[PDB]
Amino acid sequence: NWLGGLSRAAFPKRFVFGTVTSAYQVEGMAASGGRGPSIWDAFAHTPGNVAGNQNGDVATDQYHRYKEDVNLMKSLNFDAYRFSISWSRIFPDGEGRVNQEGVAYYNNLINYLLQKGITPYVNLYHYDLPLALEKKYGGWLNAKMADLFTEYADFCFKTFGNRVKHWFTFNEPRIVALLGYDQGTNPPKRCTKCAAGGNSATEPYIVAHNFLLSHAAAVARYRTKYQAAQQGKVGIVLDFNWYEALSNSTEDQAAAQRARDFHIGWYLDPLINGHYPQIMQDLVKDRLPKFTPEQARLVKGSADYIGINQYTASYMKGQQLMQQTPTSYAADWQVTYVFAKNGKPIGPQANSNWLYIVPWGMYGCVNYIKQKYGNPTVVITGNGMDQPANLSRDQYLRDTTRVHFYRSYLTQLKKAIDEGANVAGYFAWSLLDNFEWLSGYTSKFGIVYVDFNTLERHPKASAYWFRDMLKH
Ligand SMILES: OC[C@H]1O[C@@H](O[C@H]2[C@H](O)[C@@H](O)[C@H](O[C@H]3[C@H](O)[C@@H](O)[C@H](O[C@H]4[C@H](O)[C@@H](O)[C@H](O)O[C@@H]4CO)O[C@@H]3CO)O[C@@H]2CO)[C@H](O)[C@@H](O)[C@@H]1O
Ligand SMILES: OC[C@H]1O[C@@H](O[C@H]2[C@H](O)[C@@H](O)[C@H](O[C@H]3[C@H](O)[C@@H](O)[C@H](O[C@H]4[C@H](O)[C@@H](O)[C@H](O)O[C@@H]4CO)O[C@@H]3CO)O[C@@H]2CO)[C@H](O)[C@@H](O)[C@@H]1O
Ligand SMILES: [Zn+2]
């Protein structure tokens, strides 16, 4: 069967199914409704930065069409919606003055979601630092971000927390560190060779450290001031792609484990165990900031659940661990990526070159977290694949590869859950084709097609797959 035996009966009772977007990627009204610019606004408006010089000024215009989009998600039988609040839509300068029109939008969205029986899962941050804070403070390079983010979080808890019970602080801080401060391909475009300045060997670690400290501070505020009355939860969203040893050799197995530790351990070891992974301490040394005992105790246990974005997998080949001059976070791992074993590719690629379709990577990741980290509560906060640009409407709608993707990845997730993994929910990236960062509108991740000329929504076959699989 096209469902392949999947239904709500195949998952735990009360398991949460939803779709995911982010503010800059779907809202539009980027310079309207009182919103101040984010670092992504400035970045996207610079010629050459984004495919086709496109930007999120209009995006899917969810700002105006949110009731249509909520009706759609309900008609597809989803229980929940993961979306983000744009910081600069609330505080145009990141601090100080509140933009009441911005607040009203999120009130209206949250209220409509609840009216339709869709549970809001709200990210406070999704790559969209207020430009004003970047210029004034130096963004995530500055430890003061913990205070700034906490004040912002405090406002959101006070204003929406009587209705919102499921929060996330950050989205994929690893990607911010890697692309914004190691490679310098995403804002603020910092790296060793970069025009804006930077240092690929030190800055990614400073940035990650500040995300963890900011997360911990925001959660401490929630717990001490708001939790008693509101009785909600706050997590964090981390990307984790699977790494599989190329062979059963000691060095290949060691390499796969190093990669896991530098990828997910970087954040999970602090959040669960109150310290960075031993191998990162060993290899990165004095370039890795040290938590004080107090900070480590604040960070440890500071996530009520772990959001995991899971997409893909790769083979890892090992080598002799060497004394090296430090160059970058990426080079610190001392591993070699390989995308074939025994002459066969790990899987076919979706539109994005990094996204290899490998359903067993979902099992790999979920099982690994269960076994290593004491089976913490996990929510799959993003999973999906993209079609390329320039197809016809009907070609977008017949997304048979995506249907196969969801069936296979969810079957592998089910396998992990059945083996005892504490997974509480699953969110498909994305509800809609949207602004895909550097790819602009050339990458289509949605289960619902968006005509970017007319802004019309058209459910794809995969959307109807979800509707059928999720009927109550
Ligand atoms: O309907 C609007 C819209 O739908 C789009 O998507 C279609 C798919 O294209 C089509 O393949 C899919 O057909 C499903 C059907 O909905 C299921 O009910 C059926 O399930 C069977 C199953 O195959 C058996 O093995 C199992 O034991 O029993 C059930 C009995 O129902 O499986 C088929 C797939 O083979 O339906 C989607 C939704 O309608 C269309 O693309 C678009 O043109 C339509 O406008
Ligand atoms: O993208 C869809 C959706 O998902 C969420 O985030 C995505 C990012 O958008 C995407 O940029 C990021 O891509 C990673 C990829 O996961 C890694 O496998 C890849 O690894 C590199 C490695 O860094 C290099 O050193 C090596 O040489 O090559 C490998 C293979 O290319 O690095 C890329 C970075 O370009 O993956 C995220 C999830 O994994 C977001 O939540 C959402 O906003 C996005 O729209
Ligand atoms: Zn509009």
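Both counts, for ligands and for their atoms, begin at 1 and track the order of listing. One is the number of the first residue; the rest follow in order along the sequence.
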> Hey, which atoms in ligand 1 end up nearer than 4.0 Å to a heavy atom of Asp468?
Replying inline: 16 (O)
> With under 30° as parallel and over 60° as perpendicular, where do the rings of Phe83 and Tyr106 fit, or are they tilted in between?
Replying inline: parallel
>> Test of understanding: with side chain to side chain donor-acceptor pair (under 3.5 Å), list the residues that count as partners of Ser328, not counting sequence neighbours.
In response: none
> For ligand 1, is there an N or O atom under 3.5 Å from any N or O atom of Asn1?
Replying inline: yes
List, one per line, each side-chain donor-acceptor pair under 3.5 Å for residues 342-356, sequence neighbours excluded.
| from | atom 1 | to | atom 2 | distance (Å) |
| --- | --- | --- | --- | --- |
| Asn351 | ND2 | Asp386 | OD2 | 2.9 |
| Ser352 | OG | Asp386 | OD2 | 2.7 |

> Do any pairs count as a side-chain hydrogen bond (donor to acceptor under 3.5 Å, both in side chains) and have a residue in residues 120-129, sequence neighbours left out, and if so which ones?
Replying inline: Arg82-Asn123, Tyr125-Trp140, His126-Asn171, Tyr127-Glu172
Starting from the N and O atoms of ligand 2, find every protein N or O within less than 3.5 Å and list the pair with its distance.
| from | atom 1 | to | atom 2 | distance (Å) |
| --- | --- | --- | --- | --- |
| ligand 2 | 1 (O) | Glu436 | OE2 | 2.6 |
| ligand 2 | 4 (O) | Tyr311 | OH | 2.9 |
| ligand 2 | 6 (O) | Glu172 | OE1 | 3.0 |
| ligand 2 | 6 (O) | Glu172 | OE2 | 3.0 |
| ligand 2 | 16 (O) | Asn241 | ND2 | 2.7 |
| ligand 2 | 39 (O) | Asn241 | ND2 | 3.2 |
| ligand 2 | 41 (O) | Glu172 | OE1 | 2.7 |
| ligand 2 | 41 (O) | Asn309 | ND2 | 3.2 |
| ligand 2 | 43 (O) | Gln25 | OE1 | 2.8 |
| ligand 2 | 43 (O) | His126 | NE2 | 3.0 |
| ligand 2 | 43 (O) | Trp437 | NE1 | 3.1 |
| ligand 2 | 45 (O) | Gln25 | NE2 | 3.0 |
| ligand 2 | 45 (O) | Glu436 | OE1 | 2.5 |
| ligand 2 | 45 (O) | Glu436 | OE2 | 3.4 |

> How are the rings of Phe339 and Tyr337 set relative to one another: parallel (under 30°), tilted (30 to 60°) or perpendicular (over 60°)?
Replying inline: parallel
> Does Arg260 make a cation-pi contact with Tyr368, if we ask for NZ or CZ under 6.0 Å from the ring centre and within 45° of the axis?
Replying inline: yes
> Just heavy atoms, cut-off under 4.0 Å: does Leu3 contact ligand 1 by side chain, backbone, both, or neither?
Replying inline: neither
>> Can you check the angle at the Zn ion (ligand 3) formed by ND1 of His64 and OD2 of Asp61? Round it to the nearest 10°.
In response: 120°
> Between CZ of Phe445 and OG of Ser443, what distance do you get to the nearest 0.5 Å?
Replying inline: 4.5 Å
> Between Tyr105 and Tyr66, how do the two ring planes meet: parallel, tilted or perpendicular, split at 30° and 60°?
Replying inline: perpendicular
